[PDB]
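First the structure, in the form of structure tokens, and then the observations on it.
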Amino acid sequence: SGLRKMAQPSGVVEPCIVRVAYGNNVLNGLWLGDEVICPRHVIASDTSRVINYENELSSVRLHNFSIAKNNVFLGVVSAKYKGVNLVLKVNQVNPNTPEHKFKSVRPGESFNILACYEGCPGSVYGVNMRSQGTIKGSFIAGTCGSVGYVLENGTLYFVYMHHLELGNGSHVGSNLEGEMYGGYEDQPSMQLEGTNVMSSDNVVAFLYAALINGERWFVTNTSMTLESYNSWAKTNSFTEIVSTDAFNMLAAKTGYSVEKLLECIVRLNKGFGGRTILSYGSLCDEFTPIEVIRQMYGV
Amino acid sequence: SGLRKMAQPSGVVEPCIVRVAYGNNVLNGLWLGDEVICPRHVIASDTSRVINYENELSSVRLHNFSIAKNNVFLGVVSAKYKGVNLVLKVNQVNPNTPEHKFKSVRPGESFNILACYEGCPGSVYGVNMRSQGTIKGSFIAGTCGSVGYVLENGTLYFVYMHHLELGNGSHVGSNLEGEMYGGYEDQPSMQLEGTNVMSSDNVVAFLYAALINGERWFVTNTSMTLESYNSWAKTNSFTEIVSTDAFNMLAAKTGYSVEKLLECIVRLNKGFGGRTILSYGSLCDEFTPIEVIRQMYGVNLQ
Ligand SMILES: *[C@@H](O)[C@H](C[C@@H]1CCNC1=O)NC(=O)[C@H](CC(C)C)NC(=O)OCc1ccccc1
Ligand SMILES: *[C@@H](O)[C@H](C[C@@H]1CCNC1=O)NC(=O)[C@H](CC(C)C)NC(=O)OCc1ccccc1
């Protein structure tokens, strides 16, 4: 038993990380085949300043890139943008390129961050995409280019690359197509996040986790229809529930329908009365249904 | 800029995990060289009752082990107990054996758990050893043999192997010499966890982390001596502070002495009661000062 926020093992990703420096900027790249992908602000001459990305590209000196994986030195052959990323062709194919694909994560979905410090993998932890396209992680100077990934059905997907932090502390990256999650710009000027909407799917998963862990104090055989829950959700900053299917296994094992747990949400959102659930003091939307299934049942 | 409980990368460990099956039991082994280490209850006929490990080992037949990882089949050459672990010699050397050492972790120290499910590494997460030898993780059937490790100054240390779960949900394992942390037995009979003692050093580190993150509702310009704080800590289940040297740089960057945070600890222990710190609802002792420094400043990564 027990519930902890987890990362999928990082081993297949770690050999793809390279250090990328240009000028005084130093961040991380993803080396696959003969291509390195990194955040394009590595070529900005002053990141404290609105960047004319287009003059920075047209005046780039390819030899002023410094790219290395331990004592493998990579030279840049060509450089272009793909959205908010630089796509650099390099002079050597990564011999440890794993089979992989690209996709985007959606709000509510969890994924893994390999946090890299100026080219060196340092830590790995799980996160969850919020409704405004941000994650709450732990990033500082030198960590841009840190990559997010997921392992599904035996295949590796790259889903995230880190670019910046908002004034409220939220963290903002792109997919590997160069599209910034949430639509934010890769510029130093002020950028605000809209209201956060809690993932109802994830909070249901959380309460199922609590029931599986033997913690049932909050639950009741009273239930609420999807429709009533969804009318309440819209006026309480919770997502609407589109279908119960993702919960079929949790409901089968526990014997609790989704609809009884929807009644729990509406009630518990008014407060826990100084009790806890899985040691949290308020509803937690950080665990997806599959995250719970993996941890509680091992599949 | 955020604080999250983190693990160091797992790549050097993943290739060392194998499935170990005997009878109806399935768990994980640590394959290094031509040696597999795994919890000895893999061989037990019935883990729901107390076990005579010495007698069961005498009836074991080495061809009844199945040890495997993907396209690797390992046959067992010999077996013996070292503490609560089986040490098996197998017929092939692990070609991806990392350089490594064994050591023990102590209370308040952090390390990494690679959770492994019937031979498949499934997840990695950081933990912190509690005063009674336990960790608060997530472990289920099939995850015994899961390994704990720490990377310090370029050296991979193996520090933990998983064995069991106490009645209160606390998780218990051994070091890699087969000594169980906290002295619990590898038996199904109920054993109690003593009282938990919070690590004061880690709580101070957590409060420093909050301050760096711009969260300071809880702090004042009032302090408490070490001797006063240690007197309190003895009677409120907190460790005593031996010295403030580990916090010099943290103290220099925030402007707050350890002694100010000590007063915060005594005050905040009665309750946050409605506010939060770095989204936590009560004092948290799961981060060491070095863990904090890594995340705030990105240096001492081992
Ligand atoms: C990596 O290049 C860096 C990651 C930031 C640094 C602090 N926490 C992060 O996630 N990205 C930036 O510095 C980014 C630069 C481009 C958007 C031009 N700027 C940024 O994030 O400014 C906000 C900020 C900077 C430094 C500390 C706290 C917030
Ligand atoms: C690994 O084989 C397994 C891991 C336990 C099982 C549940 N959570 C864990 O950490 N270890 C055992 O099953 C162990 C058997 C030996 C000590 C003989 N028994 C155990 O931990 O009993 C307590 C328990 C069993 C099942 C569910 C919850 C607690």
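All Cβ positions, even for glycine, are placed from backbone atoms using ideal geometry, and neighbour counts span all protein chains on display. What follows is calculated from the coordinates using simple rules that are stated; it is not laboratory data.
Scanning the stretch B:84-95 turns up at least one residue that is within 25 Å of A:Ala7 (Cβ to Cβ) and either in contact with a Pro (Cβ under 9 Å, 6 or more places away or on another chain) or not in a loop (DSSP other than H, G, I, E, B) (or both).
A quick yes/no check of all residues on (1) exposed (fewer than 15 other Cβ atoms within 10 Å of the Cβ); (2) within 16 Å of ligand 2 (Cβ to nearest atom); (3) aliphatic (A, V, I, L, M):
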| position | (1), (2), (3) |
| --- | --- |
| B:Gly33 | yes, no, no |
| B:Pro39 | no, yes, no |
| B:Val50 | yes, yes, yes |
| B:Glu54 | yes, yes, no |
| B:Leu57 | no, yes, yes |
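Annotation note: of A:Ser237, A:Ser279, A:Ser257, the sole residue that is out of contact with any helix residue (DSSP H, G or I) (no Cβ under 8 Å at 6 or more places or on another chain), small (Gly, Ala, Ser) and away from chain B (no Cβ under 14 Å) is A:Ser237.
In the set (1) at negative phi; (2) within 14 Å of ligand 2 (Cβ to nearest atom); (3) under 19 Å from the mean Cα position of the chain (by Cα), B:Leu86 fails one condition alone, (3). Filtering B:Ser223, B:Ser200, B:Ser228 for residues that are without any contact (Cβ under 8 Å) to a residue 40 or more places away in the chain and more than 30 Å from B:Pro39 (Cα to Cα) leaves a single hit, B:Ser228. A search for C-beta distances below 9 Å between a residue of the stretch B:277-292 that is touching a residue at least 60 places away in the same chain (Cβ under 8 Å) and any residue that is surrounded by fewer than 19 Cβ atoms within 10 Å (Cβ to Cβ) and charged (D, E, K, R), counting only pairs 6+ apart in sequence or on different chains, returns B:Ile277/B:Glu215; B:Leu278/B:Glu215; B:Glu286/B:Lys136; B:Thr288/B:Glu109. Residues that are in a strand (DSSP E or B) and within 14 Å of another protein chain (Cβ to nearest Cβ) were ranked within the stretch B:154-187; the one that is nearest to ligand 1 (Cβ to nearest atom) is B:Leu156. Under the condition of being within 11 Å of another protein chain (Cβ to nearest Cβ), buried (at least 19 other Cβ atoms within 10 Å of the Cβ) and hydrophobic (A, V, I, L, M, F, W, C), the residues counted in the stretch B:130-153 number 2. In the set (1) part of a strand (DSSP E or B); (2) of a type outside the set (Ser, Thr, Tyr); (3) in contact with a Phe, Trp or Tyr (Cβ under 9 Å, 6 or more places away or on another chain); (4) within 14 Å of chain A (Cβ to nearest Cβ), B:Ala79 fails one condition alone, (4).
Filtering the stretch A:29-57 to residues that are under 23 Å from A:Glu185 (Cα atoms) and touching a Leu at 6+ places or on another chain (Cβ under 9 Å) leaves A:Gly29, A:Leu30, A:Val36, A:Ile37, A:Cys38, A:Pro39, A:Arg40, A:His41, A:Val42, A:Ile43, A:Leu57.
Restricting A:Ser138, A:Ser123, A:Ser110 to those that are within 17 Å of B:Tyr125 (Cα to Cα) and more than 12 Å from the chain's Cα centre (by Cα) reduces the list to A:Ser123. When the stretch B:153-167 is filtered for residues that are within 7 Å of ligand 2 (Cβ to nearest atom), aliphatic (A, V, I, L, M) and in contact (Cβ under 8 Å) with a residue 40 or more places away in the chain, nothing remains. Pairs linking a residue in the stretch A:1-28 that is farther than 27 Å from A:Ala44 by Cα to a residue that is β-branched (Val, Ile, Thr) and part of a strand (DSSP E or B), with Cβ atoms under 6 Å and 6 or more positions apart or on different chains, are A:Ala7/A:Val124; A:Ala7/B:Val124; A:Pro9/B:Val124; A:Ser10/A:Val124. Residues of the stretch A:271-299 that are small (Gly, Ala, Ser) and farther than 22 Å from A:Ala233 by Cα: A:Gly274, A:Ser279, A:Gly298.
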